[PDB]
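A short write-up of the structure that comes next.
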Amino acid sequence: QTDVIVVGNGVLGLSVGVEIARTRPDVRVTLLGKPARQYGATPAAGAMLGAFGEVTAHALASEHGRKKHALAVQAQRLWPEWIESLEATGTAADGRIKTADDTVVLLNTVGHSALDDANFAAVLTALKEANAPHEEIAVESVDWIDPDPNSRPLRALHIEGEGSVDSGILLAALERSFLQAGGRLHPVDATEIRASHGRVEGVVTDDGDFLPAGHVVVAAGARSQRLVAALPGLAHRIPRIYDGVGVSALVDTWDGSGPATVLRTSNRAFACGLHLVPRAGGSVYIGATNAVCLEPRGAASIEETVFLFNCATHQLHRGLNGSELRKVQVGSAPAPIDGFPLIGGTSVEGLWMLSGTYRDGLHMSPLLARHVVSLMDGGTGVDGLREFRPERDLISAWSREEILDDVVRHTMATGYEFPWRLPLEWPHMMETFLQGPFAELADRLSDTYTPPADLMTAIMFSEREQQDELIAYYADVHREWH
Amino acid sequence: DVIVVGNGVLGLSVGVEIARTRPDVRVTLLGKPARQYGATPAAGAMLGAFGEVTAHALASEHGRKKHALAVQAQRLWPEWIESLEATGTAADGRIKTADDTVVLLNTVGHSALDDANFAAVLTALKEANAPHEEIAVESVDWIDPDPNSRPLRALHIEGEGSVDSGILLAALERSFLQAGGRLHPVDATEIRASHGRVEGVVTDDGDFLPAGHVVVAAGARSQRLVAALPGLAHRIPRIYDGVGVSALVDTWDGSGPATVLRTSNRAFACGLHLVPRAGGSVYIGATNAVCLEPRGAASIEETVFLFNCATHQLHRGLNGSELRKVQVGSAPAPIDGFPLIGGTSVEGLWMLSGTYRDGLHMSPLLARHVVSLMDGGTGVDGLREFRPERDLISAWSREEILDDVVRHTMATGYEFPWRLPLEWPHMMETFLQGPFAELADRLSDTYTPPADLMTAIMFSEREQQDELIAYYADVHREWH
Amino acid sequence: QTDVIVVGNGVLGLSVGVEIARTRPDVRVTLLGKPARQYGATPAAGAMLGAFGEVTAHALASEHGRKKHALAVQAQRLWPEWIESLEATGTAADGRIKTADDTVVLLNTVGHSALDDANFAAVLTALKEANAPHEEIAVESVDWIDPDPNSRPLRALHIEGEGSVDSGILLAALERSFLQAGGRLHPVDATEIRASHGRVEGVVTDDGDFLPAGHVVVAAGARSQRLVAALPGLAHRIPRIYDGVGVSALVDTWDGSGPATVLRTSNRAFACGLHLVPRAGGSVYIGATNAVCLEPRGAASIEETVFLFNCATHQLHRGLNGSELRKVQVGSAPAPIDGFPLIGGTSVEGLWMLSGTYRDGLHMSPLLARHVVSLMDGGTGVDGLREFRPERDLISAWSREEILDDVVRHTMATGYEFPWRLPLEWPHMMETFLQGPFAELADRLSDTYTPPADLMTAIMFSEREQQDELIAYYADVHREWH
Amino acid sequence: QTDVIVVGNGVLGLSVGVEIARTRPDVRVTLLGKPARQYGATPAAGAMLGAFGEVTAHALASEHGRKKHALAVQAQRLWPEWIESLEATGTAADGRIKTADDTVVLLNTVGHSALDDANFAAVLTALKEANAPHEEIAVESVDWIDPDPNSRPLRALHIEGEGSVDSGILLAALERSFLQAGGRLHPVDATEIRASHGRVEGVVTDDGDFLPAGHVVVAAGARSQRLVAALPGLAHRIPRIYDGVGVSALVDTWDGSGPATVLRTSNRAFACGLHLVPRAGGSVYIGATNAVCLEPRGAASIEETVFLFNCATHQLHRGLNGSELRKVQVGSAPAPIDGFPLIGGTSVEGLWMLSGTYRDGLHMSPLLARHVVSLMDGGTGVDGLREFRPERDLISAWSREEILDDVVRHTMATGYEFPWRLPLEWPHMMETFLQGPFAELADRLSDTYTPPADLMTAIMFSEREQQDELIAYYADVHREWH
Ligand SMILES: Cc1cc2nc3c(=O)[nH]c(=O)nc-3n(C[C@H](O)[C@H](O)[C@H](O)COP(=O)(O)OP(=O)(O)OC[C@H]3O[C@@H](n4cnc5c(N)ncnc54)[C@H](O)[C@@H]3O)c2cc1C
Ligand SMILES: Cc1cc2nc3c(=O)[nH]c(=O)nc-3n(C[C@H](O)[C@H](O)[C@H](O)COP(=O)(O)OP(=O)(O)OC[C@H]3O[C@@H](n4cnc5c(N)ncnc54)[C@H](O)[C@@H]3O)c2cc1C
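If you read the protein sequences in the order shown, they are chains C, D, B and A. Just remember that the authors' numbering sits 9 ahead of the position in the first sequence, which is counted from 1. Just remember that the authors' numbering sits 11 ahead of the position in the second sequence, which is counted from 1. Just remember that the authors' numbering sits 9 ahead of the position in the third sequence, which is counted from 1. Just remember that the authors' numbering sits 9 ahead of the position in the fourth sequence, which is counted from 1.
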């Protein structure tokens, strides 16, 4: 066959499906996945087209982080034409994909200085380096916000051409554009990829059927590694992906109003963030908690919903307090164990992977789609996506020392973001007594690999058995690659 | 031919008792499976009698009568449950979720409510010779509060428990069908009557159903439906929406308490409680807010307040537990604070509504009462004051209500709990008294809304206040 | 006699004493007052040489306020030579009057946006209009501060040539400079001013003695009016002066360190402010609460000490938490009932008044001294200080409406400055329910006069009898002047 | 006559001085110490005559603790006659020593359940076992208190015949009674005790003089050991006494009122406690913080004053917020390194010690005085005070394991007593991460001795040099006694 199967019906699967169908009208492109989209990140995303807004001091302090940021800047440049090309297969009545053009980043004191002050400076620096249109503005000039004075921002940063989409209208427009270009939707799940003599044959589905193909693209979010790793000798060659459980909410505003821009903070403790994405029809999206879980989870915790609502009502708009909760949304950000995406070719001919995009995969989608389509066509794709090839040794983007400083900082930030009220001696006490146990965990896990902070905290508070299983995993990966 | 309008616990309870007692007569029950604004699905629910006692309630004749009826209702529940589970099988689930209740006293609230109400509960238990014990907090199973939010006193009440409201509704429907009842899943738009007699009910699909008996148990919609009939607009007390929020939570470890865990009733009939459920679930409730217009969704504030209280005052483990569902229902909130139970001036027209925050518990007693009246009996003796066609009851002086509304307002602060400069509470007490006194005087020379409704009126639009002055004036004309 | 008696040994008394003795070597100048300085504002002041730092939006919005600011800029220009002239009468071991040259103004969210944001903008505006040397700086570049992250500043403003003095070393240097110029210190209190046929004869002291003079200058701070008002028909001709009771503290720092600049916020609720003034020898000054009292009070309340210490440890330096409290200081800022100073001549020949300087009298002292000395010598003194003649109808600088908005704003600010944690509906509730009672008090007090906000809140929470006595006072003043 | 010198003018010195002068008309008794009473615990104490009020679960669980409680009950029986005998040397105008007969113990949730709930139960148990007159009462029936509802007590306990004295009037009555019985007050400090051939010769004073005597009693509070340890080979034979630095305050109440009983909580984190002791003349005493310091400190920290005032205004009476602060008091509770007093004879003939009474020495004073005076006369004194002889190996009353559990519990209690507001996961996190570092400190300090919790926390947060000096001290004590 020259037949192509895309495994997964999130934004990444459908984006790659659309680019393949449009570029090869000769070939049959079939996309698998069910309308339920169980643990789907895409439906739970607002979503922000985050590039400059996603900048942290920590990210920009590694080579691997500066490459990710560069790819996000490149992805930003594709969004206007990509949206035009998707709305062109529909009519006015289908709804607009774009919900805002611009973003305001707010700096308030409801957080750690060591994250929020460092990250605001890093965002300003990255905007100036990339010659992006932006302005530091008076907080008084930010429309709509009505924070608690004790939670108010004292600095604000307007970013032009960094906006948001309605993730639901984007999915509808992707499906529509996929069908329009000759794509076929088969609403079942893949259970197994079949390959022999180093070549893909096709995909077994969960109804027992077998679909033949010479090209399989895996974009099954957090299930992508488990699916490819079953193939011979790949178990320790594809980096593990965990579930980044994220909570968000849809709220009908007291008066039907909403902001004209995205409103956000910089990224906060363990990739949690506060943002408000505008929506049509008197709705706003608020997000977003993040927690790496070693097993999948389909429901918000009490703590996640309380923290999200408390931050939005104090830091963005007190009017949200009396506003109607329409929906609490939960999705799994695919969380790669080495903190970097899995994009491109495998050692198996015709087998491609598009996954581990964590908290910015929706934003990257048009760039990642174009990259994989160029590779499949004999091209080189996008420069700088080379380090993120799916079949690799675990990347070490930071020293153990840098990560141990980060995990303690982020731990303390869970306190300052609450915000807590404690005796002034207690924070220094906890900083000192956290360092030892995290240093001991990092040394015990592996001599060579260190999990990034988001994952290290989940491991710190996991069962002894789960820690032991990870020591074994890290050891098997060292054997395979050294 | 009997038509019951409404498919809540009250409608179905009366439907079941009619169908079982008069196999001769044809009983049709209206209402849709969606149960829009339905209180019953959002209730835990507690079989609250002693737990529902407040100092304020026990200080009026009307309050002492309500409490006595709640004690009487408690005695019916064991046989009523047995009679409803008997029409089903093991796989249908158990209606009863706990036999006993623990009342906790903590400092996350106003002394003027929580301390007074705990004493009142203890007093009422001793007066009724009810089996109970003040116990050491250390001996309360399961709870794991924040030390700063922990209880220092606890009260075990035997034979005051809880039901799964969802399994009760399923068992009522099933028992109704089994006794010959007919479920027609549409809403009533209009009651038809002429020459002082009910003819039947127009449905929202355009149809007309004839009957010589109509029982209105449509919760918070009950008055709006009967008040359309000639000269009844100012003879049936208004019912508003007591919007209540609760939640279903899957516990971190699948565990749950063996008893109900609760505080006494708090600001504006809000309360904190945990009702056990089967299958590693717990129910937590319950906020209350009187709204002049219906509302079908929880506010952010309601969800945050409910979750914050449960995680700090009951169990910190609930913080990491999975939210399965946020529930919203309308407690039917009668403008004079008392239920609407019994006959009208229109022959064959009965009303069963305005049961606010205890209607589920009362349901078997209220059902038996209305069925006895329909059969030519006298029903239950002290339900007489609550006949639906009446002048607005005045159970409290204006002065008592103005003290209550200021106390409850201050309690919204202490229940948060707030942290403010120590001069600010006394400042707010002084500056709240004037505006509430001015509102009560402006509303009517004779009627005073109870606190729960007065705060909703205080913060409503000028037009909504003016419409209520007109309503109160028209009721004075009609009855004096 | 040509003899001069100065009644009062605060900065104003001693400053005028020094300027009289130096300008008229012919005349005998005697200065009364005890070393205890009971209710003395001067010893309790840090003190800041505030000009740009004292700017508020409210001040810059009136003609009266723009004049006060201009006088403060003029006073600033006198301080270098005035200090040189006072240190010249001493030796190396006497210590330095000047403790800092520069001031950093900090903006944090531990307060009302309606005061702190407006006042920070007003300071920046006034600096730019005057072309005064200043820089908005990164908070990270502010030396020494170590705030609680949740209480930290996000903006900072360096003002060159706006500094501080040790008020205690200034008093010692003024006494010494007074003696050096021929002055006589008589350490007793005046009980009575004696006058007949419209001329001063002298002063009865509290030891029973009588001192004759043809010139008496009253600079007795908050006691100044009570002393002159006892003279015939003057009870309702000299505006009342109340006690602005202010609390500050001297702290020995954990490590002997201190900041090189003044550190301050803009003025806050009811003229409270948060500041740290450097001192020699491992000490710092922290201030300063303000509360108008209708009766004098010589001791700090619990609330004042807790509020002062809580603000300094959270907003300036957590190290102050473990630092040793050396002294709690209480002084009476002389609070004139119409909000303007009492400077110059009376209807009684040879009777002068120098008082009602509230919260800036130390900074103004060299200008106010020179002004009164020029008037006594037949000159015109400083232009624009003529409006503040002590014998006057109560000035009305603000509409009743402006004052009622101010008092409600400042009342709400006591909450945000705490800072309080409240349900989000409660602040709007309190704003609404405060308006009525303050409007009712203003109407009941007088048809013509309105007390400024700082005094109105003290009257609101005073006894019924004290309110009634003020209605009578305001009525008697209307009779006297209309 | 034979010469006796008492070194120290606290309650213990003067109590022993009074009993010697009255009992031994043969001997000439001179008592040293200045009216300043530098670091004096006695002037800073309220003070409560604590017996049942001082009971904790920890105390009642050891033989040593049940003995201390029994001695406190015995001391209580002496107070009525002792007061009668001291007031008899004065007149009506000298003031009453006794300020209350009864005590109310309050239980609120502003603290750790593991201390406050356990201690309230232990007090109730001890009262019932002794058949002591007491009643658990309704909180509504407690006179005077007006707490913040969120900080209010939910249980209260009236104890009859457990009261309080004005420590200042007790000191004045002791001095007066000492003079009346033939005692001599020499207001200077001892610098050195002189001894040769194993016998005391006398005392060198800080004015250079030498006073001869055959009997010297050291009751210099926290200076007692430093003074005796200078004598040959005694540096490691007399257990070190550190400074239990305690802060209290005198407050003039808003309305001149006060409670008729002592109002207290049980003892809280590191022997801090909250109490109100009635005083004459519209004053109340509030206390009392406690912190073991390795060096003396004569001034309150900001933290201590804020914590004391915050607890009293919220938990006892909101009226104290607007009340006038008259005095912040600091004293050194003599804190023995092994947690037991130093009472009786040394290896040096005529050298006695009466010290290390920490937080209950004022209550014990008449019993301890009678004991030492009986020993000096050839008697046996009080049975069970013999084990507290000053020249001893450090006592080990508690396992290392018991102390490590206590220090973690008390550390957590500093949080709950604040009270803090934190995310709900944080307290369990802090409990886990505190255990290791305290266990590591205890192991490193000595193989044999473990400091009690109050001292262990001070050592944990001391300088490396101070920890090393204590390892050396503990090692030298092991050498000396094994
Ligand atoms: C959050 C919450 C918690 C509570 N907890 C408790 C508790 O623990 N214990 C307790 O005893 N009580 C509790 N209550 C109170 C109790 O739920 C109510 O008092 C009682 O259930 C009211 O019953 P009802 O049948 O009158 O009303 P509902 O349950 O509201 O039933 C009325 C029904 O009529 C239907 N309807 C409306 N209009 C029409 C129409 N035109 N035609 C046909 N049908 C119509 C509605 O859809 C609805 O299903 C609680 C209430 C709330 C809100
Ligand atoms: C804040 C606080 C509250 C307390 N509350 C209570 C309570 O309610 N009830 C209770 O029973 N106990 C209480 N105590 C404990 C009690 O105060 C002490 O146990 C007791 O006062 C110790 O008496 P003392 O005479 O040994 O020491 P101190 O009272 O310290 O007296 C020692 C004296 O010796 C002097 N001195 C020092 N060096 C020399 C020298 N070289 N020569 C001469 N004199 C010297 C000192 O200046 C001082 O005056 C409290 C303690 C504090 C600090």
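Beta carbons are placed, not taken as given, at the ideal position from N, Cα and C, and that holds for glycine.
Chain D contact for residue i (CB, 8 angstroms cutoff)
i: C/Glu-312; result: yes
i: A/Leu-403; result: no
i: A/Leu-69; result: no
i: C/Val-315; result: yes
8 angstroms Cβ cutoff, residue i in contact with chain A
i: B/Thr-322; result: yes
i: B/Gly-331; result: yes
Per-residue contacts from residue i into chain A (C-beta, under 9 angstroms)
i: C/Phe-427; result: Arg-430, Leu-431, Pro-432 and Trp-435
i: C/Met-439; result: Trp-435, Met-438, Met-439 and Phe-442
Residues sharing a beta bridge with residue i, DSSP
i: residue 8 of chain C; result: Past the boundaries of the shown model lies residue 8 of chain C; chain C is included only from 10 to 491, so the question cannot be answered.
i: A/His-167; result: A/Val-113 and A/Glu-144
Residue-level contact to chain B via CB, residue i, 8 angstroms cutoff
i: C/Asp-414; result: no
Any chain C beta carbon closer than 8 angstroms to residue i
i: B/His-167; result: no
i: A/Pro-287; result: no
Exposure label - residue i; buried when at least 16 CB within 10 Å
i: D/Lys-137; result: exposed
i: A/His-380; result: buried
i: A/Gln-338; result: buried
Interface residues of chain A facing residue i [CB-CB closer than 7 angstroms]
i: C/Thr-423; result: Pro-432
Chain D residues whose Cβ lies nearer than 8 angstroms to that of residue i
i: A/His-121; result: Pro-158
Cβ separation of residue i and residue j, assumed to be a contact under 8 angstroms, to the nearest whole Å
i: D/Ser-341; j: D/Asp-252; result: 4 angstroms
i: D/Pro-287; j: D/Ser-150; result: No, D/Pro-287 and D/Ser-150 are not in contact; Cβ-Cβ is about 18 angstroms, not under 8 angstroms.
i: B/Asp-216; j: B/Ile-106; result: Going by Cβ atoms, the distance from B/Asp-216 to B/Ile-106 rounds to 32 angstroms, so no, they are not a contact pair.
Residue i: contacting residues in chain B (beta-carbon distance under 9 angstroms)
i: C/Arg-161; result: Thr-118, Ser-122 and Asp-126
Chain C residues whose Cβ lies nearer than 8 angstroms to that of residue i
i: D/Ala-308; result: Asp-261, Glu-333, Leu-334 and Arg-335
Interface residues of chain C facing residue i [CB-CB closer than 7 angstroms]
i: D/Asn-140; result: Neighbours of D/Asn-140 on chain C: none; closest Cβ ~40 angstroms, over 7 angstroms.
Chain A contact residues for residue i, given Cβ-Cβ distances below 8 angstroms
i: B/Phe-447; result: Near B/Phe-447 there are no residues of chain A at all, since even the closest Cβ is about 21 angstroms away, more than 8 angstroms.
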